[PDB]
Structure formats: structure tokens, C-alpha cells
Amino acid sequence: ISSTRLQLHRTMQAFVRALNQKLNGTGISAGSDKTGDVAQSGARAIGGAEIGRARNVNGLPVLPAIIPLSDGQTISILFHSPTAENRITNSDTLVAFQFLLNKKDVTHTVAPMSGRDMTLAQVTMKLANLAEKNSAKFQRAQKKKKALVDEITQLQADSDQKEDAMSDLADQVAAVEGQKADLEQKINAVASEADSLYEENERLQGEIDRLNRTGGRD
Amino acid sequence: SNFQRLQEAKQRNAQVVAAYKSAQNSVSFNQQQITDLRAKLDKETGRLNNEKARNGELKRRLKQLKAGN
């Protein structure tokens, strides 16, 4: 479809313009916030998509084109060079085959091969429709993640405070147990003394009566 | 995953609250029982006091009796 560098940028800006023109009804818009660099030179294609560094999947050239849409979603189309080998170089026809929406492969429905031909309007409308369908859940996911963060932080703080409060109760119990043992020992000693003294008293009382029987040996 | 974090947080939470309740009741309990022990000790000391007084009186009366044959 396109050259590596001599046709990629123009086709991408035209594609972005078509998407923007036909995505008018939905609040979603497509574009890039990137504006070149610090140097401010004229003849600048500010609006459009972005191109990433080439990679190699299984020995074949791989060249990405990322279209960052509003609302937090993205659309990425992928090129490869069958006519040229080794590096991508320049001035080399490229083939658009893979279409990705939010990292999930979706080429399977957007681009069946049918009648040995295909138009672009179907592609554009199809991607617009899937983007506007997916946006709802893609948006609720972030809210649920933030809620998870807030709740886990609160709960963990609760647990730490409660444990810090808990700490010293075992030592309190230990001191109590020591005092209890001391009390038990005291009670036992007193009871033993008392019973021994009772036995002594009974023996002495018997002797007293026995001796008073005769009157102290006359 | 945050889901395992939910699991661990809630299980530790339940564990800690159960421990907190039991450990909060323990102190009232042990105060009660130490007071009871003090009471038992005092009762036993009273009985011992009585026995000692009786022993002393009885021994004195004996020594009075046997003197001088």
C-alpha cells in the first residue's frame, strides 16, 4: 500500500482525517498531542499519528503505526515488507494486514478476505463502532482499580493500628499469673500451719484432762 | 493481583478483631479472680488467728496446772 517513509505519513494523516470526519457524532476524536520538538520550523505535519522503531518477529520486518484516540483507547495498524528483505530501508512498498484495537486482535472481523477486494469506509466505520462500544467498560475498569487502591489502603491501616493496640496484653496476663501463683502458695502455707496447730491442740487437751483426773499428781 | 490482597487483608482483619475482643475481656476476668483469691486468704487467716489464740490459752493453763506438783 505505502512506502516505508515516502507514503506512510501522508496515508496516516489522511486516515486520521477520515476517522475524525466520520466520528463527528460521537465525542471521541483522534489525533496526537505531540508537536515536533523545541525547534519551531515551518512546513510541519503537526496532526497525525506516530511511527515506532522497527522490530523483527520471526525473521521478518515489523513496523508499527499507533493512532492514540481520545477517551484512553488506541488503534494500531501494522505493516510488513514482502518485496524487500534484510532491513526496512526506504522507498519500499508495505502491506497493511493487521488491525488492533486496545491491544486485542480484531483484524478477524474488520478484515476478512472477500471477493479479492476491500474498501476503506467499512474499516473506518467498523473501528469507530468498536471503539465507541468498548469505551464504557474500558472506563469503568480504571474506576474499579482506583477504588481497590483506596479500600486496601484503608483496611491495612486499620489492621496495623489494631495490632499496635493489641501488643501488650500477653505481658499483662503474665504479671497476673505470677500474682496468682504467689497467692496460691500463701494459702497453702497458712492452711498447713493451721491443721498442724489443731492436732497439737487436741493432743494437749487430752493430756490436760488426763492430768486433771488425778489432780496434778497429788 | 489485588484480589489476593483483599483475601489477606480481610482474613487478618477478622483475626485481629477476634484477638482484640478476647484480650480486652481477659483483664476484667483476672482482676475478678485475684480479688477472690485475696478473700479466701483473709478467711483462712482469720481461722488461723482463732486457732493460735486457743493454743496459747491452753498451753498457759497447762503450765499453771502442773507447777509445784
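Residues numbered from 1 in each chain as written, not as in the entry; some residues may be left out. Chains lettered and ligands numbered in written order. Heavy atoms only, no water.

Its PDB record attributes the structure to cryo-EM, giving the resolution as 4.00 Å.

Help me understand the overall build of chain B in this model?
Summing up its helical and strand segments, chain B has one helix and zero strands in all. Taking 2.2 N^0.38 as the reference for a compact globule, 69 residues should give roughly 11 Å; the C-alpha atoms of chain B span a radius of gyration of 30 Å, well beyond that estimate. The C-alpha extent of chain B, read off along each of the three principal axes, is 100 × 15 × 5 Å. In chain B, which comprises 69 residues, the share counted as buried stands at 19%. Working note: accessible area of chain B is about 5,400 Å², and carbon and sulfur atoms make up 50% of it. Looking at chain B, you have 15 positive and 6 negative side-chain charges, and the mean spots of the two groups are 3 Å apart. (Helix = DSSP H or I, 4+ residues; strand = E, 2+ residues; numbered from the N terminus. Rg over C-alpha atoms; globule rule 2.2 N^0.38 Å. Buried < 20%, exposed > 50% of the residue type's maximum accessible area, 1.4 Å probe, protein only. Areas by Shrake-Rupley, 256 points an atom, 1.4 Å probe, with all protein chains shown as cover. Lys, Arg positive; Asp, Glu negative; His and termini not counted. Charge placed at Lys NZ, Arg CZ, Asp CG, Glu CD.)

Sorry if this is basic, but what is going on with the interface of chain A and chain B here?
The accessible area lost on association of the parts is a frequent measure of interface size. At the interface, 34 residues of chain A touch 31 residues of chain B. Roughly 3,200 Å² of surface becomes buried between chain A and chain B when both sides are summed, with 72% attributable to carbon and sulfur atoms. The tally of links between chain A and chain B comes to one salt bridge. Among the salt bridges present, the one from A:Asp160 reaches B:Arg12, with a minimum N-O distance of 3.5 Å. The tally of links between chain A and chain B comes to four residue pairs in polar contact. Elements represented by at least two residues in the side of chain A that touches chain B include exactly α3 (120–166) and α4 (169–214) of chain A. When its residues are assigned to classes, the side of chain A that touches chain B shows 18 nonpolar, six polar and ten charged. (Contact = heavy atoms within 4.5 Å. Buried area = accessible area lost by both parts, 1.4 Å probe. Salt bridge = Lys/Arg side-chain N within 4 Å of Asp/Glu carboxyl O. Polar contact = N/O pair within 3.5 Å; in protein donor to acceptor, adjacent residues only side chain to side chain. Nonpolar A, V, L, I, M, F, W, Y, C, P; charged D, E, K, R; others polar.)

Looking at this model, I keep getting lost on the packing of α3(A) against helix α1 (residues 2–66) of chain B. Mind explaining?
Relative placement of two packed helices is described by the angle separating their axes and the distance separating the axes. For the pair α3(A) and α1(B), interaxial distance at closest approach is 10 Å and the crossing angle is 30°. Of the possible angle classes, the one that applies to α3(A) and α1(B) is roughly parallel. Crossing geometry of α3(A) relative to α1(B) is assigned as left-handed. Residues A:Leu148, A:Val149, A:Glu151, A:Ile152, A:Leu155, A:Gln156, A:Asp158, A:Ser159, A:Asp160, A:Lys162, A:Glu163 and A:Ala165 of α3(A) lie in contact with α1(B), whose contacting residues are B:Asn2, B:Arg5, B:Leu6, B:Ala9, B:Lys10, B:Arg12, B:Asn13, B:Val16, B:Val17 and B:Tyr20. Taken together, the residues of the contact of α3(A) with α1(B) sort by class into ten nonpolar, four polar and eight charged. (Axes fitted to C-alpha atoms, helices over the stretch in contact; angles between N-to-C directions. Parallel < 35°, antiparallel > 145°, perpendicular 65-115°, else oblique. Left-handed = near helix turned anticlockwise from the far one by under 90°.)

What should I look at first to understand the pairing of strand β5 (residues 95–101) of chain A in this one?
In regular strands, side chains alternate between the two faces of the sheet. All names here are of chain A. When strand β4 (residues 74–80) meets β5, the two strands line up antiparallel, connected through six bridges. Looking at the pairing, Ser76 lines up with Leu100 of β5. The sheet contact formed by β5 and strand β6 (residues 104–105) spans two bridges and is antiparallel. Residue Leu100 lies in a different strand from β6, and its bridge partner there is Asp105. With antiparallel pairing between neighbouring strands as the criterion, β5 and β6 make up a hairpin whose turn holds two residues, including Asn102 at a positive phi of roughly 55°. (Pairing = 2+ DSSP bridges.)

Got a minute to help me understand α3(A) in this structure?
Residues spaced three or four apart along an α-helix point in a common direction, a consequence of the helix completing one turn every 3.6 residues. Look at α3(A): 68 Å from first C-alpha to last across 47 residues, which is about the 69 Å you get at 1.5 Å a residue. Of all the bends in α3(A), the greatest measures close to 35° and is centred on A:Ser135. Each element contacted by the buried residues of α3(A) is listed here: α1 (8–22), β4, β5 and α2 (107–110) of chain A together with α1 of chain B. (Expected span 1.5 Å × (residues − 1). Bend = angle between axes of the 7 residues up to and from the residue.)

I tried to follow the packing of aromatic side chains on my own but got confused; where do I start?
Centre distance and the angle of the planes are the two values used to describe a pair of aromatic rings. Counted by the stated rule, this structure contains zero aromatic pairs over all chains. The ring of B:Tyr20 is capped by A:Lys162, whose NZ or CZ atom sits 4.6 Å from the centre of that ring. (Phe/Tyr/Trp six-rings, centres within 6.5 Å; stacked < 30°, edge-to-face > 60°. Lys NZ or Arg CZ within 6 Å of the ring centre and 35° of its normal.)

Looking at this structure, I do not really get the environment of A:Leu63. What am I missing?
Residues and elements named next belong to chain A. Note that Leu63 resides in strand β3 (residues 61–68). Judged by its relative accessible area of 4%, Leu63 falls in the buried class. Sequence-wise, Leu63 and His80 are 17 residues apart; in three dimensions their C-alpha atoms are separated by 6.3 Å. For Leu63, the contacting residues outside a window of four places in its chain are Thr4, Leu8, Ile51, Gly52, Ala54, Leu78, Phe79 and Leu94.

So what exactly am I meant to see when it comes to the environment of A:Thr74 here?
Residues and elements named next belong to chain A. The residue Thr74 is located in strand β4 in this model. By relative accessible area, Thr74 is classed as partly exposed at 25%. With 41 residues separating them in the primary sequence, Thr74 and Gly115 have C-alpha atoms 29 Å apart. Contact partners of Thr74, with chain neighbours within four places excluded, come to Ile66, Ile67, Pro68, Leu69, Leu100, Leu101 and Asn102. Within the local environment of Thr74, its side chain forms a polar contact with the backbone oxygen of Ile67, the two atoms lying 3.1 Å apart.

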